[PDB]
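# Architecture and fold: a report
Residue-level listing of the chains:
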Amino acid sequence: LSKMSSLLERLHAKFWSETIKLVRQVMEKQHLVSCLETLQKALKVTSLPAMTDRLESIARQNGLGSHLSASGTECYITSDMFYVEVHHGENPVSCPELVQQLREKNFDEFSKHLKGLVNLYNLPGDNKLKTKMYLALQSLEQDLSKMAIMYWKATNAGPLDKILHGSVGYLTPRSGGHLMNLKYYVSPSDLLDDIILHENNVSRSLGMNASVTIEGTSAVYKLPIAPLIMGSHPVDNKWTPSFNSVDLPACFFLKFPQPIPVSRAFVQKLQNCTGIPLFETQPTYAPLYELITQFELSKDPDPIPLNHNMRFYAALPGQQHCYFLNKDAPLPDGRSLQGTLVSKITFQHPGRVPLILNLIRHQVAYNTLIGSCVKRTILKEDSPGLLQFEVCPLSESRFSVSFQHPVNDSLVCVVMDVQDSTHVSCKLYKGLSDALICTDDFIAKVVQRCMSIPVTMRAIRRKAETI
Amino acid sequence: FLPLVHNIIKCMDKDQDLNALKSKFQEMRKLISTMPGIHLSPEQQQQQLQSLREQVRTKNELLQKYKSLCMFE
Amino acid sequence: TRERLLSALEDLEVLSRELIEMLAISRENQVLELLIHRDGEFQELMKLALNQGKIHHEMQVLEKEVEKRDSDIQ
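Residues numbered from 1 in each chain as written, not as in the entry; some residues may be left out. Chains lettered and ligands numbered in written order. Part of a larger assembly, values for the part shown. Heavy atoms only, no water. Residues with missing side-chain atoms left out of burial classes, pairs and counts.

Method of determination, as given in the entry header: cryo-EM; reported resolution: 3.7 Å.

Structure below.
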């Protein structure tokens with residue numbers, strides 16, 4: 001509405017050379033102009049000075065020292081990184097990705113890449129220890145590359161065994177802003193989109209990743225600057241004793257983009273595996289049912305909460321399922337399956353990563369199996385069908401679903417126990433006056449091929465109805 | 001017009017009236033090029049075109065029916 | 001176009017002078033977008049005048065046969 005007022009003021013003032021003379025007189029004797037330039041940067045006419053201004057503005061937001069030597073060749077200079085486009089060493093590698101964003105109008109991703117390179121050095125070091133700290137980092141990616149090389153030497157199978165059931169995970173080595181990431185899981189539901197071929201040209205977001213890198217920590221730790229792996233077993237990896245090494249105030253961290261709901265016993269077996277406490281302070285433990293529901297409701301964004309009230313609805317082509325998670329179920333230990341959320345993992349030497357990632361894989365498999373019942377679909381108060389299902393845990397990595405007999409009147413319980421990342425065993429409990437329903441091996445194969453409770457229930461219902 | 005903003009702010013950062021001279025030059029091109037401007041509006045210009053299409057086509061079948069009629073026995 | 005282009009091209013000129021003066025006094029933000037809002041529309045309007053330029057050639061040729069036809073029937 002200020003346009004009319006501006007027009008009126010302009011009309012009042014419209015009733016120049018004098019302004020130029022006054023400015024010249026001032027000239028002869030801050031951030032606002034930069035803000036105007038960076039606001040005009042988005043629509044800049046494509047030309048070499050325009051891209052120079054765009055890059056200098058990008059450096060201004062990123063804090064990089066904006067220094068230019070020519071119109072086409074520019075240098076990014078900071079404490080310890082130096083990149084030229086047409087420190088403590090030369091350019092790492094002329095990766096084609098950064099050229100790919102630079103040659104096109106993809107400067108936002110270029111800015112994020114620059115921020116990532118800067119964030120690689122968010123360390124509190126004194127520019128010498130920091131230097132050494134990044135040198136150690138190299139040693140770590142060499143060690144994980146050797147781990148992957150050894151596992152490739154173990155068997156010449158596909159990357160599926162590399163990701164799902166194997167030491168550490170699939171490698172994407174660091175290049176530019178993308179850190180070195182490790183693939184450990186893909187769900188069968190996520191595997192098939194709308195049958196996806198898993199050739200070497202796999203995307204980075206196809207599933208979930210597990211990055212490993214260094215952040216400063218409050219404690220001082222002994223870390224190897226030199227590569228730790230020099231000798232390789234035929235099929236194993238052995239880590240040589242450290243100390244070169246020195247007490248560097250940092251730690252190696254494995255970063256997860258999103259938190260995973262993990263049980264308490266997983267936490268203590270994690271400190272059993274590693275020894276470094278995950279949480280600085282004791283957090284509040286809650287049953288992981290609400291945690292998993294909030295986690296896997298985020299895979300399908302919606303600003304409006306569903307108001308599920310622990311009564312979850314599932315839509316199938318022939319069946320409609322009403323689910324009751326039945327939280328706070330009475331376990332033999334006297335408590336429920338308490339759980340928390342994990343986002344960061346701490347470790348000391350590269351010999352800890354395989355067991356940690358195996359336990360993470362097992363927990364993710366169990367969580368996905370439990371959360372397959374979790375759906376946003378609503379088919380409310382439908383009188384036909386609407387089978388009632390109740391989930392009740394029994395022990396760690398164990399649970400059971402109890403439901404009415406599909407044909408008879410007694411109850412029937414099916415108990416699931418997860419053995420490994422892709423190993424799940426199944427048992428059946430039925431009354432004395434009943435008929436044959438299914439076999440345990442069939443249920444185990446269905447779980448191993450789909451990893452979803454509603455699909456398993458559908459298969460059992462169909463096989464029992466066919467009899 | 002954005003390049004005008006770019007080079008005037010570059011000149012202000014480094015060090016004129018030629019910018020306003022070429023802006024008035026853009027004005028004289030737009031005054032020359034507003035003869036071909038949409039004076040009669042978008043709907044009328046397009047409709048006029050279809051009206052002339054109807055006129056021309058009707059002239060065509062009347063003339064061809066006059067030439068094609070066979071009065072003689 | 002005719003009326004809108006002059007209305008816009010005279011807007012651009014008047015607005016630009018004020019911005020220079022505003023820069024000059026220092027050595028608002030609602031008007032900086034307002035220039036950009038006017039900036040993003042005359043470039044669309046610039047090709048509108050060019051599009052009708054090819055249009056002008058089309059209208060004149062049609063009359064040619066209209067007049068000769070009129071003489072032919074007269």
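## A few points about the overall build of chain B
If you tally the helices and strands in chain B, you get 3 helices and 0 strands. Moving toward the C terminus, one meets the helices and strands of chain B in the order α-α-α. Taken over the C-alpha trace, chain B has a radius of gyration of 27 Å; the compact-globule value for 73 residues is 11 Å, which it surpasses by more than 25%. Based on the C-alpha atoms only, the size of chain B along its principal axes is roughly 95 × 20 × 15 Å. (Helix = DSSP H or I, 4+ residues; strand = E, 2+ residues; numbered from the N terminus. Rg over C-alpha atoms; globule rule 2.2 N^0.38 Å.)

## Observations regarding the interface of chain C and chain B
Facing the 21 residues of chain C at the interface are 19 residues of chain B. The element best represented in the side of chain C that touches chain B is helix 1 (residues 3–26) of chain C, accounting for 10 residues. When the residues that make up the side of chain C that touches chain B are grouped by side-chain class, the tally is 9 nonpolar, 4 polar and 8 charged. (Contact = heavy atoms within 4.5 Å. Nonpolar A, V, L, I, M, F, W, Y, C, P; charged D, E, K, R; others polar.)

## A few points about the interface of chain C and chain A
Taken together, the contact pairs 10 residues of chain C with 8 residues of chain A. Among the secondary structure elements, those contributing two or more residues to the side of chain C that touches chain A are helix 1 and helix 2 (30–73) of chain C. With 5 residues, the single largest contributor to the side of chain C that touches chain A is helix 2 of chain C. Of the residues in the side of chain C that touches chain A, the class split is 4 nonpolar, 2 polar and 4 charged.

## What about a nonpolar patch on the surface?
A cluster of nonpolar side chains, namely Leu62(B), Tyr66(B), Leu69(B), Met71(B), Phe72(B) and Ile73(C), defines an oily patch on the protein surface of about 720 Å² accessible area. The topology assignment puts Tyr66(B) in helix 3 (residues 42–68). Assessed through its relative accessible area of 60%, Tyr66(B) is described here as exposed. (Patch = residues over 30% accessible without salt bridge, like charges linked within 9 Å, V, L, I, M, F, W, Y side chains within 5 Å. Areas by Shrake-Rupley, 256 points an atom, 1.4 Å probe, with all protein chains shown as cover. Salt bridge = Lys/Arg side-chain N within 4 Å of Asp/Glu carboxyl O. Buried < 20%, exposed > 50% of the residue type's maximum accessible area, 1.4 Å probe, protein only.)

## Examining the pairing of strand 15 (residues 398–404) of chain A
Residue and element names in this part refer to chain A. Sheet topology note: the strand 14 (residues 387–393)/strand 15 ladder contains 4 bridges and is antiparallel. Bridging from a neighbouring strand, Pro393 pairs with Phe399 of strand 15. Counted between consecutive antiparallel strands, the loop separating strand 14 from strand 15 contains 4 residues, among which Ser397 sits at a positive phi close to 60°. Taken together, the 7 bridges between strand 15 and strand 16 (residues 411–418) define a ladder with antiparallel strand orientation. Following the sheet pairing, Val401 is matched in strand 16 by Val414. (Pairing = 2+ DSSP bridges.)

## Quick notes on the UniProt feature "coiled-coil region" in chain B
Sites flagged by UniProt as "coiled-coil region" map to residues 43–70 of chain B. A distance of 43 Å separates the end C-alpha atoms of residues 43–70 of chain B, which is 93% helix and 0% strand. (UniProt positions renumbered as here; feature names shortened; annotations may be inferred.)

## A look at the pairing of strand 6 (residues 208–224) of chain A
Residue and element names in this part refer to chain A. Alignment of strand 5 (residues 181–185) against strand 6, held across 4 bridges, turns out to be antiparallel. Of the residues in strand 6, the one forming a bridge with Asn181 is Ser211. Taken together, the 10 bridges between strand 6 and strand 9 (residues 245–263) define a ladder with antiparallel strand orientation. Paired with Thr213 across the strands is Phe253, a residue of strand 9.

## Quick notes on the nonpolar core
By size, the foremost hydrophobic cluster in this structure holds 81 residues, and its most contacted members are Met133(A), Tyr184(A), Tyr323(A), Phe399(A) and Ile453(A). With 10 residues, the next largest nonpolar core counts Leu64(A), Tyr76(A), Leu98(A) and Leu114(A) among its residues. (Core = buried A, V, L, I, M, F, W, Y, C linked by side-chain atoms within 4.5 Å.)

## Observations regarding helix 13 (residues 440–450) of chain A
Residues and elements named next belong to chain A. Looking at helix 13, one finds that the buried residues are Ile443, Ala444, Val446, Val447 and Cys450. Seen along its axis, helix 13 keeps its buried residues to an arc of 160°; they face one direction. The positive-phi residue at the C-terminal boundary of helix 13 is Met451, with phi of around 60°. (Arc of directions from axis to C-beta.)

## Some words on the sheet that holds strand 1 (residues 65–68) of chain A
Two strands in a sheet stick together by hydrogen bonds in their backbones, pointing the same way (parallel) or opposite ways (antiparallel). Residue and element names in this part refer to chain A. Taken in spatial order, the 3 strands of this open sheet run 1-2-3, and their pairing is antiparallel. Each of the sheet's edge strands pairs with one partner strand only, and the pair in question is strand 1 and strand 3 (82–85). Averaged over all pairs of adjacent strands, the angle between strand axes in this sheet comes to 20°, irrespective of strand direction. The pairing of strand 2 (residues 74–77) with strand 3 spans 4 bridges and is antiparallel. Residue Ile77 lies in a different strand from strand 3, and its bridge partner there is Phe82. (Axes fitted to C-alpha atoms, helices over the stretch in contact; angles between N-to-C directions.)

## Observations regarding unusual backbone geometry
Trans peptide bonds make up the majority, and among non-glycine residues the majority have a negative phi. Non-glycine residue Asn309(A) carries a positive phi angle of around 55°. Relative to the assigned elements, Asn309(A) resides in the loop between helix 11 (288–296) and strand 11 (311–315).

## Details of the side chain of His113(A)
All names here are of chain A. Turning to its location among the elements, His113 is positioned in helix 6 (residues 107–119). For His113, a relative accessible area of 7% translates into the label buried. Within the structure, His113 has its side chain in polar contact with the backbone nitrogen of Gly177 (distance 2.9 Å). Residues in contact with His113, not counting those within four places in the same chain, are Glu97, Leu98, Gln101, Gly176, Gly177 and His178. (Polar contact = N/O pair within 3.5 Å; in protein donor to acceptor, adjacent residues only side chain to side chain.)

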